[PDB]
Amino acid sequence: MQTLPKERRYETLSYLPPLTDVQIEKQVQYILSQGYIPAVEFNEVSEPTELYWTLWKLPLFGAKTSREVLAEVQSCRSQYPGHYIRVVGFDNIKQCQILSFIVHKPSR
Amino acid sequence: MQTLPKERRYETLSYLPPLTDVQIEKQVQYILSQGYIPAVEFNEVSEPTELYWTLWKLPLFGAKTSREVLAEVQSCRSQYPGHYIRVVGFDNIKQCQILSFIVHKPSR
Amino acid sequence: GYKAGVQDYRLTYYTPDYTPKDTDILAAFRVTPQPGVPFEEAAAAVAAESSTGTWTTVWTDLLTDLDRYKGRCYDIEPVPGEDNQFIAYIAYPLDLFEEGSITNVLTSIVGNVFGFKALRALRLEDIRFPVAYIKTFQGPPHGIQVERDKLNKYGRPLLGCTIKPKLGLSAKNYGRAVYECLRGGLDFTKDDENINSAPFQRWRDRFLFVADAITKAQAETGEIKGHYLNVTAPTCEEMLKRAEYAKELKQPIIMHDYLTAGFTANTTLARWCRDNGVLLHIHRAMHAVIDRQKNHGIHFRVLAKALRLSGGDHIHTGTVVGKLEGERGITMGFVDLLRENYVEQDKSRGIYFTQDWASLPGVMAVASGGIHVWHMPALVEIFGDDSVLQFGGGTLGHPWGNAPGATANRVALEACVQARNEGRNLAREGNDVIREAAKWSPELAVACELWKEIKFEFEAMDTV
Amino acid sequence: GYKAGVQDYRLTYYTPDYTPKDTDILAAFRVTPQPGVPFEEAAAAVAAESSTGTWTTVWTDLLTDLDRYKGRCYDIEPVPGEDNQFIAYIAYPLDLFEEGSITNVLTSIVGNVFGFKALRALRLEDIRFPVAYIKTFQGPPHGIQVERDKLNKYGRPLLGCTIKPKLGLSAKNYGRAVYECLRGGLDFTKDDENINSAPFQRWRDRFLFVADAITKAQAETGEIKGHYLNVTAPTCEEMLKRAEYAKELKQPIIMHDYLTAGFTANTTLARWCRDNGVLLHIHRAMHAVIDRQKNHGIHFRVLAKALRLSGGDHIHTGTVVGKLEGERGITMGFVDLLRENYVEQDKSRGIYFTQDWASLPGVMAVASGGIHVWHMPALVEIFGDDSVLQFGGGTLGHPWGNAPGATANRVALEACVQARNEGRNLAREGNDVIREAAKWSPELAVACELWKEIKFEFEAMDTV
Amino acid sequence: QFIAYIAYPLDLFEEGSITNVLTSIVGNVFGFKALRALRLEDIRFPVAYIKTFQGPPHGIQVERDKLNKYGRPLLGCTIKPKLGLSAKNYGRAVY
Amino acid sequence: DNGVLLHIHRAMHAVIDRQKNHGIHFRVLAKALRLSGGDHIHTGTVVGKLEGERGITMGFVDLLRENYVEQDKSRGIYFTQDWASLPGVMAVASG
Amino acid sequence: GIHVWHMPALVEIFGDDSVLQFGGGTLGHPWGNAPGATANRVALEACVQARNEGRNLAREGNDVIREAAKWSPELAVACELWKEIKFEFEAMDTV
Amino acid sequence: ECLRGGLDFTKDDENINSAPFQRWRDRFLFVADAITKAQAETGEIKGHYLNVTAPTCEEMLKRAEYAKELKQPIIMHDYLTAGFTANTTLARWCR
Ligand SMILES: O=C(O)[C@@](O)(COP(=O)(O)O)[C@H](O)[C@H](O)COP(=O)(O)O
Ligand SMILES: O=C(O)[C@@](O)(COP(=O)(O)O)[C@H](O)[C@H](O)COP(=O)(O)O
Ligand SMILES: O=C(O)[C@@](O)(COP(=O)(O)O)[C@H](O)[C@H](O)COP(=O)(O)O
Ligand SMILES: [Mg+2]
Ligand SMILES: [Mg+2]
Ligand SMILES: [Mg+2]
């Protein structure tokens, strides 16, 4: 028998082993193939109580390739190393978020 | 077609033609054969609102024949000509009256 | 020790050696298992899944005392002339149920044991309530004995009428028809189960005009008159609001549909009626969805027992002869179970357990559904004296109107009561009494000629 | 002119020329008449008795406009490969039903047409609500889209657990089991349908300790956690009293049993949930008594439709593969009917009418009933993203406890969601995704070995 | 000196009322001219009558879970003197 | 309704349960308290009381705490008392 | 336990500002409740009449009852039934 | 995002009340979360005009009560479409 260790979790895809750059690219590719709008959000602290995160620039309405989204993540990462960063996908028809996952944690 | 005439009714057995002395004897015989206690009640006015009638003597606990009940009705009738008179039947196990019917109406 | 895996249901749920306690809830199930499934496993699974059962063994069971709270199957009886059909007897401990709640006892036993993959059909035939559990419930608000004392009516069955058509009439035309029925000689009048608060007639208008109709009819005849006002509503607030206005108009009686509104709403109203001294009439709408088929569902005798505990002064028992289904042996079974204090076990009648009520008041029986003047001596002999006989189409469908229609029914009843008290069999001389009474009353002579040929005769689906 | 007597039901109730209006309630009945009774008479009797029908002609019919308010049968469709079996289509005018009342629409249509002597079996298959009637109802308190915003959870189905055993555990021990589940990685925990307020554990004790268990688990993991507290109670007052205390402890979600408590109570609670901002989970206890048999009863799709109008945020739909009955073609029918705004008519799927909802919010589907880690990829593909998957015995029955059992389910779900997004078929590679995820997680590897052999495979009674 | 055993039917007593069962049994049998002394030794309540009452608001098992105290008897103290102290002085003795 | 524990003081008991010839024994008054409601009850100290009167105290103390109490004449209990899952009351020993 | 013969004694002891109650005295009459009540009323009114007139109710008590029983047939029957029924025992509570 | 940049107030449109696509009680809760975050981030007092215009006088006061419950500084109303009777009622409540 084994006792489960105490660990802080970050909603969707946080129980799987940490996402590689290839894996993130595949998740973004899913958003664009369906027809949803990708966006980058950042925050100082991650808490269950707070539900709003600061919006980086504007939602990418004119995205042709998944490389454009990854370039916006790299820009937010270099500017804010000590902030959490997540990728969200907006639907216009149903008016609800389809996907949300954290790509960066505060480095040390 | 015929229009129904307006008539004042007196609960049970009132819709049947006025009861003969033979018919009253048979109804009282029914009370005694079942094992219920027969009692005589009288009142000045017949109203739906009032639910208590003045008791004549006591309930006949030791009645052997239906003739003894008819003798008590005749005595109350001779004493009170201008009063309504009815015969009731008490049940001791269920604690509820079984039969109630009017024998006399105020004379003119 | 703890062992993880899948345990067989037969191992620790089927105990033939167990003898039921006096403070215990007992249930009789008619079980039909799938091909290749043993009789014991099918019986154990119903006993398990209804109380403290799970498809796999869990560690949390070892913290509690499993042997005290588990429901067990103690007797398996096979059904004669039937393959893969048996009666299962299951005992449930008293402590696992909530006090004074029909909702909990219904959700516990008949929760999700039906719809199991391992069995094709399941039916609950009878349920036993112990004396200790009955004492927590309020029961009926008044009962048979108090009701007759408040109404001041003794000797005979009571008479009623249902206004037709069901939907379409104005509030004013409703009250006019109510007045004419009560003037003739009927005791009660009744709203249809589907009348609540429609666009064509709103409830508050109906309540006002009906109250005026009773007042006029009471003063004219000299007898106490009443009308069942349908209180059934979309919410619990609206239901209690409508009852308050009936109390405000000094109305003796209101009606409610217990199955469509639910047991929670009905228990709320039954407590209200006790605290205000208002009599409660219960309509059994949507019952035949559950109690029709002999292979699946819940028998009405369970629903009749559940209503007596929940609360209600009258209950529809259904006519033996009429437009809706009814069996004489089965009917007389649960009819004598709603009225009497002590009922002995009888297998031929349909009663599986000896039922005892601890001085709890009886509920009056209501016979309704396509009955006319010819059915009168049959109904009086079967249902007895403590019953209500209701004529919807039979009163209003008279060629002369409502007032002669009501007088026709009233004469016919009082002729039957008089003939019974003298010492004449109503089974042998039923046609004779009706025919001889039609000589001195023209209203009865017209009514007899119209509905002579009409008879409802069909095969019943529910059988012993 | 007035003519007294007995009229044939076929004469003025069966009209094939009639075309259904847009503001009209339509019903589809599966009728089985008694031998010697015509198809038209059986269909006319169902159409008549449900609305404005009586066994004999009454004079009061002439005062009202009978042609406006009567229900009529417009089409008869015979069932293929079946003798004395036909589908009846009946139209009902909008004006006869009460606004915002499920109780009225239920008591009117399925009131007493069942249990008729002239027909052996009857089944209500599908019902159609017009846009004009839907607008009177509140609907769900929140719906799918609002719920996900308040819970802050996107991308995946939600996970839940049921505490076992159903009865026996102390209030303190109950809270301990709740805490250990939520710590592992489940979103919700649930009370059993039969748990209310028993002698061994009182409701106010359970509510207090569960609130402490969530508070610890939420602060530890960093994610929003909940527990469905059972509010089902004997009376309408006691029901609201338990809901108030859950609001006082700042609880996001409560649960209720709609069928056993009734529609009157359920409408009251759903309105309260809207006013106080509390999510509402609905258990479908006692459903299989009504919807099991193919010949008699009311199909679940009608009961699902009625719940959406009455109010509820979650609903149990039943697992396709599991311990209780389910059919893939039928299930996907009513599941898409509760979630979508517009549903097209599909005869093979079981949908008899084109149902249109007027911007009314969808209800989340709950898949529960004897499911383990191997059933995960099959459930995700069938039910989609907007659903809740619940594991009672599958969580607690893990050899290592609740917390490793809760991690095992969470790993299995998130591995399948990841694989689906990449572009892999879950019907073809379902075994592979589970097996490859069990290499880096020890908790999943233990759970896979235990429930490998277990499969629930039986014949379904209800078929298209 | 003798012990008398008396049986009473269940239906005559009110549900969930100690006041009634006390007023009915030990009402005015005491203070009778025919007997010098009377004493009630014991009483038996049937299960059916017990189910009407609420009972204790929590009980032993629930109380220990709320207080978080297991294994030992609980220790208490009564403040002396009974009458005399101030409200501020009373609280200091409690502390 | 509010989730508050209730402590019961048996003041004025000695006026009724002192004399062995007259009144009402404390075991009847203790039974009435379990039905009416109370989380703690005062039972009295056990120090002396010889050997006989110590058995009486343990009689009603077991009668307040246990679910099922067997009939025992030497202890002081005249009837077999059975509580239907009704919670026990914690005994207070003080004086 | 009081009847028509105790009437002159009760008026003397308690005076005017008092209520006198007859449970078995009213309902125990051979004729009923109504003639039983009239027997009790007639007896009291006669005792008040003799007291106001200036007659001793302790010595002439039986005389007033017999005079009132002469013009009242309802009282004459009640005096015939109860006449030997007297409760005489030693009192425990005394000066 | 508007209050973050450097505006003092935000406003609901005059026609926003409680439509099927967004209910009033949902809008009130999420906007309250936005004010709390923006105020803490900038260090200045921020507000939002919540539209309290309703079909009935009871529905109006009900919406106003919940704004006070969320500790909101400011509410809005349409005085000509709702009427002067409704506006005076709300003005007295606001004081
Ligand atoms: O709607 C009807 O059909 C009735 O009014 C009868 O009408 P008629 O008297 O005009 O035939 C009754 O509600 C049913 O008898 C109810 O069934 P049950 O008594 O079996 O509950
Ligand atoms: O009591 C039960 O049987 C369950 O807790 C399942 O237990 P496990 O999770 O331990 O198997 C659920 O209530 C049923 O799934 C309800 O059925 P449905 O969803 O069909 O209404
Ligand atoms: O129960 C009874 O015995 C009585 O009703 C008298 O009835 P009878 O007149 O029929 O005897 C009284 O309650 C007691 O006398 C009161 O006692 P006290 O005066 O001591 O309070
Ligand atoms: Mg009807
Ligand atoms: Mg369950
Ligand atoms: Mg604007």
# chains A, B, ... in the order shown; residues from 1 in each chain; ligands from 1
$ residues_around --residues "residue 103 of chain B" --least-positions-apart "4" --cutoff "10 Å" --atoms "only C-alpha atoms" --output "ChimeraX atom specification"
/B:18-21,24,40,73,77,84-87
$ write_last_selection --atoms "C-alpha atoms" --output "CSV table (one decimal), in the first residue's frame"
chain,number,residue,atom,x,y,z
B,18,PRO,CA,-94.3,9.4,5.3
B,19,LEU,CA,-93.5,6.4,7.4
B,20,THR,CA,-96.3,4.2,8.8
B,21,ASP,CA,-96.3,2.8,12.4
B,24,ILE,CA,-91.1,2.6,12.2
B,40,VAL,CA,-85.4,9.5,21.8
B,73,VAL,CA,-92.0,8.0,21.5
B,77,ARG,CA,-95.3,13.2,21.5
B,84,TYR,CA,-89.8,17.7,16.3
B,85,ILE,CA,-89.0,14.2,17.5
B,86,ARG,CA,-86.3,11.8,16.2
B,87,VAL,CA,-85.0,8.3,17.1
$ residues_near_ligand --ligand "ligand 2" --cutoff "8 Å" --atoms "only C-alpha atoms and all ligand atoms" --output "ChimeraX atom specification"
/C:49,53-56,112,115 /D:161-164,166,192-193,283-285,287,316-319,323-325,366-371,390-394
$ residues_near_ligand --ligand "ligand 6" --cutoff "9 Å" --atoms "only C-alpha atoms and all ligand atoms" --output "ChimeraX atom specification"
/H:11-16
$ write_last_selection --atoms "N, CA and C atoms" --output "PDB file, in the first residue's frame"
ATOM      1  N   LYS H  11     -20.792  51.171 -16.564  1.00  0.00           N
ATOM      2  CA  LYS H  11     -22.248  51.337 -16.648  1.00  0.00           C
ATOM      3  C   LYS H  11     -22.920  50.251 -17.451  1.00  0.00           C
ATOM      4  N   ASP H  12     -24.071  49.794 -16.955  1.00  0.00           N
ATOM      5  CA  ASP H  12     -24.987  48.942 -17.718  1.00  0.00           C
ATOM      6  C   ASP H  12     -25.807  49.796 -18.675  1.00  0.00           C
ATOM      7  N   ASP H  13     -26.093  49.255 -19.860  1.00  0.00           N
ATOM      8  CA  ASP H  13     -27.001  49.905 -20.814  1.00  0.00           C
ATOM      9  C   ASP H  13     -28.413  49.992 -20.246  1.00  0.00           C
ATOM     10  N   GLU H  14     -29.150  51.016 -20.675  1.00  0.00           N
ATOM     11  CA  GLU H  14     -30.511  51.280 -20.196  1.00  0.00           C
ATOM     12  C   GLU H  14     -31.508  50.139 -20.454  1.00  0.00           C
ATOM     13  N   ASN H  15     -31.277  49.380 -21.528  1.00  0.00           N
ATOM     14  CA  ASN H  15     -32.146  48.262 -21.915  1.00  0.00           C
ATOM     15  C   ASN H  15     -31.788  46.913 -21.265  1.00  0.00           C
ATOM     16  N   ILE H  16     -30.628  46.841 -20.607  1.00  0.00           N
ATOM     17  CA  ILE H  16     -30.224  45.639 -19.859  1.00  0.00           C
ATOM     18  C   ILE H  16     -31.005  45.558 -18.546  1.00  0.00           C
TER      19      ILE H  16
END
$ closest_residue --among "B:63, B:55, B:13, B:28" --to "chain G" --atoms "only C-alpha atoms"
B:55
$ residues_around --residues "residue 71 of chain B" --least-positions-apart "3" --cutoff "12 Å" --atoms "only C-alpha atoms" --output "JSON list (two decimals) with C-alpha atoms, in the first residue's frame"
[["chain", "number", "residue", "atom", "x", "y", "z"],
["B", 21, "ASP", "CA", -96.25, 2.84, 12.43],
["B", 25, "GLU", "CA", -91.35, -0.68, 14.19],
["B", 39, "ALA", "CA", -82.68, 6.82, 22.24],
["B", 40, "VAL", "CA", -85.36, 9.51, 21.75],
["B", 60, "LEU", "CA", -82.69, 2.82, 26.72],
["B", 63, "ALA", "CA", -84.55, -2.68, 25.88],
["B", 65, "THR", "CA", -88.53, -5.40, 22.48],
["B", 66, "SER", "CA", -89.20, -2.65, 19.89],
["B", 67, "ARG", "CA", -92.57, -2.01, 21.61],
["B", 68, "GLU", "CA", -90.79, -0.38, 24.60],
["B", 74, "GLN", "CA", -95.72, 8.22, 22.23],
["B", 75, "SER", "CA", -95.12, 9.74, 25.70],
["B", 76, "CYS", "CA", -92.81, 12.45, 24.29],
["B", 77, "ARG", "CA", -95.32, 13.15, 21.47],
["B", 78, "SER", "CA", -98.24, 13.63, 23.90]]
$ select_by_dssp --residues "segment 150-214 of chain D" --states "strand (DSSP E or B)" --output "ChimeraX atom specification"
/D:158-160,162,188-190
$ select_by_dssp --residues "segment 210-390 of chain D" --states "helix (DSSP H, G or I)" --output "PyMOL selection string"
chain D and resi 210-221+236-248+258-261+263-276+288-291+300-310+328-339+373-383
$ residues_around --residues "residue 49 of chain E" --least-positions-apart "6" --cutoff "12 Å" --atoms "only C-alpha atoms" --output "ChimeraX atom specification"
/C:131-136,358 /E:9-18,21,55 /F:35,82-84
$ residues_near_ligand --ligand "ligand 3" --cutoff "6 Å" --atoms "only C-alpha atoms and all ligand atoms" --output "list in words"
residues 1, 22, 23 and 24 of chain G
$ interface_residues --of "chain B" --to "chain G" --cutoff "12 Å" --atoms "only C-alpha atoms" --output "list in words"
residues 54, 55, 56, 57, 58 and 59 of chain B
$ write_last_selection --atoms "C-alpha atoms" --output "mmCIF file, in the first residue's frame"
data_model
loop_
_atom_site.group_PDB
_atom_site.id
_atom_site.type_symbol
_atom_site.label_atom_id
_atom_site.label_comp_id
_atom_site.auth_asym_id
_atom_site.auth_seq_id
_atom_site.Cartn_x
_atom_site.Cartn_y
_atom_site.Cartn_z
ATOM 1 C CA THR B 54 -82.544 17.799 23.825
ATOM 2 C CA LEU B 55 -82.504 14.199 25.098
ATOM 3 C CA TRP B 56 -85.753 12.589 26.287
ATOM 4 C CA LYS B 57 -85.084 10.863 29.656
ATOM 5 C CA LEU B 58 -82.064 8.540 29.112
ATOM 6 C CA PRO B 59 -80.838 6.141 26.374
#
$ atom_distance --atom1 "atom CA of residue 180 of chain C" --atom2 "atom CA of residue 8 of chain B"
15.3 Å
$ closest_atom_pairs --of "chain D" --to "chain A" --cutoff "7 Å" --atoms "only C-alpha atoms" --output "tab-separated table"
residue	atom	partner	partner_atom	distance
D:145	CA	A:96	CA	6.2
D:152	CA	A:51	CA	6.7
D:154	CA	A:99	CA	5.6
D:155	CA	A:99	CA	4.4
D:220	CA	A:8	CA	6.9
D:221	CA	A:8	CA	4.8
D:222	CA	A:48	CA	5.6
D:223	CA	A:48	CA	5.1
D:224	CA	A:48	CA	5.7
D:400	CA	A:1	CA	5.6
D:403	CA	A:4	CA	6.6
D:404	CA	A:4	CA	6.3
D:411	CA	A:15	CA	6.3
D:414	CA	A:13	CA	6.1
D:421	CA	A:30	CA	5.9
D:422	CA	A:26	CA	6.0
$ write_last_selection --atoms "N, CA and C atoms" --output "mmCIF file, in the first residue's frame"
data_model
loop_
_atom_site.group_PDB
_atom_site.id
_atom_site.type_symbol
_atom_site.label_atom_id
_atom_site.label_comp_id
_atom_site.auth_asym_id
_atom_site.auth_seq_id
_atom_site.Cartn_x
_atom_site.Cartn_y
_atom_site.Cartn_z
ATOM 1 N N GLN D 145 -23.920 26.384 -19.208
ATOM 2 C CA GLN D 145 -22.970 27.469 -19.482
ATOM 3 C C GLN D 145 -22.651 28.350 -18.271
ATOM 4 N N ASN D 152 -15.594 27.347 -12.491
ATOM 5 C CA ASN D 152 -14.303 27.646 -13.145
ATOM 6 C C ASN D 152 -13.598 26.387 -13.694
ATOM 7 N N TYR D 154 -13.270 23.966 -17.200
ATOM 8 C CA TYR D 154 -13.460 23.840 -18.653
ATOM 9 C C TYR D 154 -12.553 22.765 -19.256
ATOM 10 N N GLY D 155 -13.010 22.152 -20.350
ATOM 11 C CA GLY D 155 -12.181 21.241 -21.147
ATOM 12 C C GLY D 155 -12.447 19.752 -21.022
ATOM 13 N N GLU D 220 -6.092 22.549 0.322
ATOM 14 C CA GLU D 220 -4.964 21.644 0.106
ATOM 15 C C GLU D 220 -4.614 21.506 -1.378
ATOM 16 N N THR D 221 -5.622 21.212 -2.201
ATOM 17 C CA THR D 221 -5.435 20.986 -3.641
ATOM 18 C C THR D 221 -5.298 22.284 -4.440
ATOM 19 N N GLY D 222 -6.077 23.300 -4.062
ATOM 20 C CA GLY D 222 -6.122 24.580 -4.774
ATOM 21 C C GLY D 222 -7.190 24.648 -5.856
ATOM 22 N N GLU D 223 -8.180 23.756 -5.765
ATOM 23 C CA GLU D 223 -9.291 23.672 -6.721
ATOM 24 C C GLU D 223 -10.627 23.701 -5.985
ATOM 25 N N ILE D 224 -11.664 24.215 -6.650
ATOM 26 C CA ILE D 224 -13.016 24.308 -6.072
ATOM 27 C C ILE D 224 -13.645 22.916 -5.923
ATOM 28 N N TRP D 400 -6.074 0.428 -2.076
ATOM 29 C CA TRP D 400 -5.212 1.368 -1.352
ATOM 30 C C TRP D 400 -5.981 2.474 -0.612
ATOM 31 N N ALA D 403 -8.244 8.064 -1.556
ATOM 32 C CA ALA D 403 -7.337 9.017 -2.206
ATOM 33 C C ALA D 403 -6.527 8.451 -3.388
ATOM 34 N N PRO D 404 -6.012 7.196 -3.288
ATOM 35 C CA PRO D 404 -5.435 6.600 -4.503
ATOM 36 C C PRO D 404 -6.485 6.176 -5.538
ATOM 37 N N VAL D 411 -6.635 10.357 -13.439
ATOM 38 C CA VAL D 411 -5.573 10.064 -14.411
ATOM 39 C C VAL D 411 -6.165 9.451 -15.687
ATOM 40 N N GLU D 414 -8.235 12.272 -17.749
ATOM 41 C CA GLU D 414 -7.363 13.291 -18.350
ATOM 42 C C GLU D 414 -6.445 12.742 -19.447
ATOM 43 N N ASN D 421 -8.163 15.003 -28.098
ATOM 44 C CA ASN D 421 -7.755 16.298 -28.656
ATOM 45 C C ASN D 421 -6.639 16.195 -29.698
ATOM 46 N N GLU D 422 -5.787 15.178 -29.553
ATOM 47 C CA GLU D 422 -4.668 14.928 -30.471
ATOM 48 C C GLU D 422 -5.124 14.440 -31.846
#
$ atom_distance --atom1 "atom CA of residue 78 of chain H" --atom2 "atom CA of residue 54 of chain H"
9.6 Å
$ residues_around --residues "segment 5-12 of chain G" --least-positions-apart "6" --cutoff "7 Å" --atoms "only C-alpha atoms" --output "list in words"
residues 43, 44, 47, 57, 58 and 61 of chain G
$ interface_residues --of "chain E" --to "chain F" --cutoff "6 Å" --atoms "only C-alpha atoms" --output "PyMOL selection string"
chain E and resi 37-42+55-56+59-60
$ residues_around --residues "residue 38 of chain H" --least-positions-apart "4" --cutoff "9 Å" --atoms "only C-alpha atoms" --output "PDB file with C-alpha atoms, in the first residue's frame"
ATOM      1  CA  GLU H   1     -10.335  45.640 -18.152  1.00  0.00           C
ATOM      2  CA  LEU H   3     -11.537  49.792 -14.521  1.00  0.00           C
ATOM      3  CA  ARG H   4      -7.950  48.449 -14.625  1.00  0.00           C
ATOM      4  CA  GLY H   5      -6.862  51.029 -17.236  1.00  0.00           C
ATOM      5  CA  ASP H  33     -15.716  40.129  -8.532  1.00  0.00           C
ATOM      6  CA  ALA H  34     -14.344  42.497 -11.209  1.00  0.00           C
ATOM      7  CA  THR H  42      -4.890  50.283  -8.728  1.00  0.00           C
ATOM      8  CA  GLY H  43      -5.452  51.453  -5.122  1.00  0.00           C
ATOM      9  CA  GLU H  44      -8.419  53.694  -6.028  1.00  0.00           C
ATOM     10  CA  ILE H  45     -12.166  53.352  -5.304  1.00  0.00           C
ATOM     11  CA  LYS H  46     -13.944  51.764  -8.300  1.00  0.00           C
TER      12      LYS H  46
END
$ atom_distance --atom1 "atom CA of residue 194 of chain D" --atom2 "atom CA of residue 117 of chain C"
21.1 Å
$ closest_residue --among "C:190, C:256, C:176, C:70" --to "ligand 4" --atoms "only C-alpha atoms and all ligand atoms"
C:190
$ decode --residues "segment 39-53 of chain F" --atoms "N, CA and C atoms" --output "short mmCIF file (atom, residue, chain, number, x, y, z; two decimals), in the first residue's frame"
data_model
loop_
_atom_site.label_atom_id
_atom_site.label_comp_id
_atom_site.auth_asym_id
_atom_site.auth_seq_id
_atom_site.Cartn_x
_atom_site.Cartn_y
_atom_site.Cartn_z
N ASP F 39 -28.20 16.47 27.36
CA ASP F 39 -26.93 15.84 26.97
C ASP F 39 -26.10 15.35 28.16
N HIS F 40 -26.14 16.10 29.26
CA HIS F 40 -25.53 15.69 30.53
C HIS F 40 -26.57 15.70 31.66
N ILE F 41 -26.43 14.77 32.60
CA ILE F 41 -27.27 14.71 33.81
C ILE F 41 -26.43 14.44 35.06
N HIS F 42 -26.78 15.11 36.16
CA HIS F 42 -26.16 14.88 37.47
C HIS F 42 -26.70 13.61 38.11
N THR F 43 -25.79 12.73 38.51
CA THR F 43 -26.14 11.41 39.05
C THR F 43 -25.82 11.27 40.54
N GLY F 44 -24.92 12.11 41.03
CA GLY F 44 -24.47 12.06 42.42
C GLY F 44 -23.15 11.34 42.57
N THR F 45 -22.43 11.68 43.64
CA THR F 45 -21.12 11.12 43.92
C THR F 45 -21.22 9.71 44.51
N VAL F 46 -20.23 8.88 44.20
CA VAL F 46 -20.07 7.57 44.83
C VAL F 46 -18.77 7.59 45.64
N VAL F 47 -18.92 7.64 46.96
CA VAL F 47 -17.79 7.61 47.90
C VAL F 47 -18.04 6.55 48.98
N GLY F 48 -19.09 6.74 49.78
CA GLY F 48 -19.46 5.82 50.84
C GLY F 48 -20.65 4.97 50.44
N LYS F 49 -21.81 5.29 51.02
CA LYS F 49 -23.11 4.64 50.75
C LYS F 49 -23.15 3.12 50.99
N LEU F 50 -22.21 2.62 51.79
CA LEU F 50 -22.00 1.17 52.04
C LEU F 50 -21.79 0.38 50.74
N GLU F 51 -22.41 -0.80 50.63
CA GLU F 51 -22.32 -1.64 49.44
C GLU F 51 -23.65 -1.72 48.68
N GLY F 52 -24.76 -1.68 49.43
CA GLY F 52 -26.11 -1.79 48.88
C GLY F 52 -26.56 -0.60 48.04
N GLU F 53 -26.38 0.60 48.58
CA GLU F 53 -26.80 1.85 47.91
C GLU F 53 -25.92 2.24 46.72
#
